[PDB]
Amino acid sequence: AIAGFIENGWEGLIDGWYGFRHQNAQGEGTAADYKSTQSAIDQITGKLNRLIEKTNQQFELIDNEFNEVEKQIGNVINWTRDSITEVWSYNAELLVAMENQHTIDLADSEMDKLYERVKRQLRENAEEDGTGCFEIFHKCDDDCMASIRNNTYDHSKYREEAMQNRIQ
């Protein structure tokens, strides 16, 4: 028996982030979906490109490690630096937390989009089993499955056979 994304992820799916898993008379098979995989990767790559951008602003020493500067100016400096450190520590924590939330959400959105795409090609030829799978009401062989994956599946071809099976 096979189950979709609603219930669980697939630890056996390779060469992709998202994919298809089918069940028919010929047997069981699993194949990755490139369009969905590429889309999620593109967005995360965009985040990583932003992350490694470096400042061109140079900073020099304004205090001294060997001979301590005067106390008053020294306390102003230590207080200023600590305030800035507080600001960047907050930004860093917020940035990562914000981005991680968005990354998880965008990855889930790609899953939904893949699901909606397939549901639409299948039309009235299949029904949702509630676990992220489609029960197909006609005989769908490996070539028929391959046609669904590469978006050449024609619902009108199997429609009448499927609607008959659906009714009884």
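Start at 1 with the first residue shown and count on from there.
J.: Test of understanding: from the entry's C-alpha B-factors, which stretch has the higher mean, 98-106 or 62-70?
T.: According to the entry, 62-70 carries the higher average C-alpha B-factor.
J.: In the PDB record, does 52-60 or 36-44 carry the higher mean Cα temperature factor?
T.: That would be 52-60.
J.: Lowest, middle or highest third: where is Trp10 by C-alpha B factor in its chain?
T.: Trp10: CA B-factor falls in the middle third of its chain.
J.: Please place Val118 in the lowest, middle or highest third of its chain according to the CA B-factor in the PDB entry.
T.: Middle third - that is where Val118 ends up once the chain's C-alpha B-factors are sorted.
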